[PDB]
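Those protein sequences? They're chains F and A, same order as listed.
To get the entry's author numbering, take the position in the first sequence, counting from 1, and add 197.
To get the entry's author numbering, take the position in the second sequence, counting from 1, and add 246.
Each residue gets a CB set at the ideal place from its N, CA and C atoms; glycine is no exception.
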Amino acid sequence: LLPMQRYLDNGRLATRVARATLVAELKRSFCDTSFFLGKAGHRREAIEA
Amino acid sequence: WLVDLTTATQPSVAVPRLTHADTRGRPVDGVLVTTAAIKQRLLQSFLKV
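Structure below.
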């Protein structure tokens, strides 16, 4: 939803490229921070963020 | 770097009727419209209120 709302904090883009730049970055933000606490649990100020 | 965004541009004109000021404080002079994600970074760990 963090890549999803920033796509919808654009207007929304039916150009189908920004559909695709959504998805290939939608899959990237998930692979990075799904399990964020415990993966970044000791990092203070990232859990604050 | 924020002290280069602040104090790069020359001030235009002393307009009298526009007086945005602090609460019992000095008149305001800058704007700094940012995005919502950068607001949660500068105000988090670089600036005061």
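Have a look at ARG225/F and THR265/A and give me their C-alpha separation to the nearest angstrom.
47 angstroms
Just the chain A side, please: which residues come within less than 8 angstroms of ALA246/F by C-beta, in chain order?
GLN286, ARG287, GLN290
Taking only beta-carbon atoms, is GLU222/F less than 8 angstroms away from chain D?
The structure shown contains no chain D; the protein chains it does contain are F and A.
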